[PDB]
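Shown below, as structure tokens, is a lone chain in the form deposited in one PDB entry; questions about how it binds or moves come after it.
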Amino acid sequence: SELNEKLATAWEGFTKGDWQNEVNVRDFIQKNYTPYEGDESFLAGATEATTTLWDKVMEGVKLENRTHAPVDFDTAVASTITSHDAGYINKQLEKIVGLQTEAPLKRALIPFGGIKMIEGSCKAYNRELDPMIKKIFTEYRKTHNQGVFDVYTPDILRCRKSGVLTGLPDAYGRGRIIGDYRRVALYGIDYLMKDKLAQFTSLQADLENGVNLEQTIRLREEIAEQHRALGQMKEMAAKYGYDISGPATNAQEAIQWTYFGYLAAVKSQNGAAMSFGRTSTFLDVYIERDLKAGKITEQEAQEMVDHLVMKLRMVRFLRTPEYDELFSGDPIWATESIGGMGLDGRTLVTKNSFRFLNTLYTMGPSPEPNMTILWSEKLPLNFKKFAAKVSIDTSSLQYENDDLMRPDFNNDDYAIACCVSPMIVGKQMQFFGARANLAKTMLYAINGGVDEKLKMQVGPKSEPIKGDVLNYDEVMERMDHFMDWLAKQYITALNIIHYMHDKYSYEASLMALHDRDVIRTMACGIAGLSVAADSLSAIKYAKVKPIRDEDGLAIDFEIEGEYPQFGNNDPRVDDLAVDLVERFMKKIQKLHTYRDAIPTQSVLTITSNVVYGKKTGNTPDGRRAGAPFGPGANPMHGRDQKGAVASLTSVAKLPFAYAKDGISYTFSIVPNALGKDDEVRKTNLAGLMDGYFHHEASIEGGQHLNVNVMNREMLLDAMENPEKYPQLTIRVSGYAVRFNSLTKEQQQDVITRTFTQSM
């Protein structure tokens, strides 16, 4: 209850508030940020140090892209917060430092998740795993992977095998957790450790009194581990010559301190998505102070942000080839939520909001960080226009509905994890669940649980539907029951996973940057929505004839007549989609979950649209066997043939109320369809999004939107002349990737997607 010298000095000039007496980053931002409604004219360009540093790093990126393999990686060191010595690109040039290992782009071994994935990676890239590391993580330290497979059921293994429930977090970090790295800059490590000690002590009474004994013992051990992690963060920063016991005193230290918090996380956990948070405006408070005090020039501000962002562009994890198939493009999801509006009506847009976007110019286009615009119909027009402009120039940004999420949480400090999943920073997390195959689930309804490809009994043994024609009501009723079964197997698989993940790979350094009690949801994803929705339309508005095999197994279908397709704004096919989202949600919503994580859903697939597509046979909608599904909630490839306003209206109808974990939409529009010149395009793009995201009592609106502005012909050229587009970047499923980083097959999926020609 006394602010020492350290805090008063570091906070000189800052406006007072609860934030000075307790951990409350939101309050600090609310009382100190400077809303900015000006334009981009103040922006500086890169320095020589930035260009030199980035150009050198790109040599490693080019090497990664052409070999589709890591530049290098550890084979004899288990990665922890303090295991590696300091590594640099060029120590003399960097303003913000810190690498995962001792060298740029060298990937680490994070064994706590499973030694098998690591062995598989070593084999896939002709490297050899150290015998001791292998022995330790096989016989001495049990891993998340072995724990999950020691408890899985034979049914879950069958679903995994058949492609109905594949790619779940049983062989890679679950991620979906965002520690509030801003806390390190604002309070310094010692303060945070003191606060965790109080949290630990607060559990003593319940522990002694027998109140929820096991949950209390678990949380106390977790807090103890978090506290130990904070201490390791200091040792880690000291390796770089920094003392972070106290709070950041200037802009450089605020950025350096925040990043150090993130660095500890990417050094200790290999979560699928390791998001950064909502930091640009927070950091602007420190930059703004140094500028007014004349301690830094604007160009120096840009350089600091560029060096920070550059490090985020360098985060790497050793993954398996199977991982590569489910999550393509060497993704990191170092997501940053930019802008938004506060609850008080002010815009949370700052000059730093602009400096972050400006990295796409200072260092060229880049898939990471995953810059996400918190869009509001009330953002400054200067910012709305500049964002569209960056989109048109780079196809590197995504947009999410702040007018929808902010009121939903009734909070102006939530951030986006991975692609489209929101969480109040430092107070919420998700138990990541990948996604289930809804399309194949429909086929199981028609084939009595037998897999159309493996002729295996996977779903519960039922009577396959008989007849030369498929009746909507019959197929559907069956689909309903099979959805019940999918729900049960999915929830059970996740209960096991997260029980084991908490036990064998608890994200201590990230959780140390959260409140004592963290809200947890169990995010369940569904793949192939448009395939199943279209499949139900072709059945309900046309004539579908099952082409059965000698065992009476429907291995194909012939369609008589046209049927309405999702993405054209046709209520007939769009209502089936909306309903399907609602149907699965209510189902998982009844089931018991681990640690009482509240079930939620997301229409998101990442590269599963391809994986599940390959493992699913011909479907009622006319889609061929082994054909990629549409990304996330996207209408099937090329089916949304009525222009932009048409497809956006169809997707914008999907209910966020039954998919709180998010709804992904990858929208690609050719330049001329947006306008004759850039001023027209900027204005039209911003106008489209205003309408897509439009929100009111009677209109929920769209949740997310990836925006690619390009001509299909450019990619084809890129495919043949990769060395010509080293930094070409594109939105593919709720995140971006460098086109040259995808495989031939993954590019084939992209080049065959819809390229909106009209408005």
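Residue numbers run from 1 along the displayed sequence. Rigid core (definition): largest C-alpha set, two forms, superposition within 1.5 Å.
Engineer: Averaging the C-alpha B factors as listed in the entry, name the stretch that ends up higher: 492 to 500 or 527 to 535.
Structural biologist: Taking the mean C-alpha B-factor of 492 to 500 and of 527 to 535, the larger value falls to 527 to 535.
Engineer: Using the B-factors recorded in the PDB entry, average over the C-alpha atoms of 454 to 462 and of 279 to 287, then report which stretch comes out higher.
Structural biologist: That would be 454 to 462.
Engineer: Can you tell me which of 422, 98, 329, 620 has the maximum CA B-factor listed in the PDB entry?
Structural biologist: Largest recorded C-alpha B-factor: 620.
Engineer: Per the PDB entry, which option out of 400, 221, 477, 336 has the greatest Cα B factor?
Structural biologist: 477 has the highest C-alpha B-factor of those listed.
Engineer: Going by what the PDB entry lists, where does residue 693 fall on CA B-factor within its chain: lowest, middle or highest third?
Structural biologist: For residue 693, whose C-alpha B-factor we compare with every modelled residue in the chain, the answer is the highest third.
Engineer: Could you say whether, by C-alpha temperature factor, residue 383 belongs to the lowest, middle or highest third of its chain?
Structural biologist: Middle third by C-alpha B-factor.
Engineer: Would you please rank residue 200 by its C-alpha temperature factor against the other modelled residues of its chain and give the third it falls in: lowest, middle or highest?
Structural biologist: According to the entry, residue 200 has a C-alpha B-factor in the chain's lowest third.
Engineer: Split the chain's modelled residues into thirds by Cα B-factor; is residue 140 in the lowest, middle or highest one?
Structural biologist: Lowest third - that is where residue 140 ends up once the chain's C-alpha B-factors are sorted.
Engineer: Please say which third, lowest, middle or highest, residue 664 falls into when its CA temperature factor is compared across its chain.
Structural biologist: It falls in the middle third of the chain.
If you look for the form deposited in another entry, you will not find it shown, but the lines that follow are about it.
Engineer: Please name the single residue among 130, 290, 325, 502 whose Cα shifts by at least 2 Å between the shown form and the other one after core superposition.
Structural biologist: The answer here is 325.
Engineer: Would you say whether residue 337 is displaced between the shown form and the other one, judging by a C-alpha shift of 2 Å or more on the superposed rigid core?
Structural biologist: No.
Engineer: Is residue 607 displaced by at least 2 Å at its C-alpha between the shown form and the other one when the rigid core is overlaid?
Structural biologist: Comparing forms between the shown form and the other one, the residue 607 CA shifts at least 2 Å.
Engineer: Superposing on the rigid core, does the Cα of residue 513 end up 2 Å or more away between the shown form and the other one?
Structural biologist: Not so; residue 513 is displaced by less than 2 Å.
Engineer: Relative to the form shown here, do the C-alpha atoms of residue 168 and residue 605 sit closer together or farther apart in the other entry, given a change of 3 Å or more?
Structural biologist: Farther: residue 168 and residue 605 separate by 3 Å or more in the other entry.
Engineer: Compared with this form, is the residue 335-residue 327 Cα separation smaller or larger in the other entry, the difference being 3 Å or more?
Structural biologist: Compared with this form, residue 335 and residue 327 lie farther apart in the other entry.
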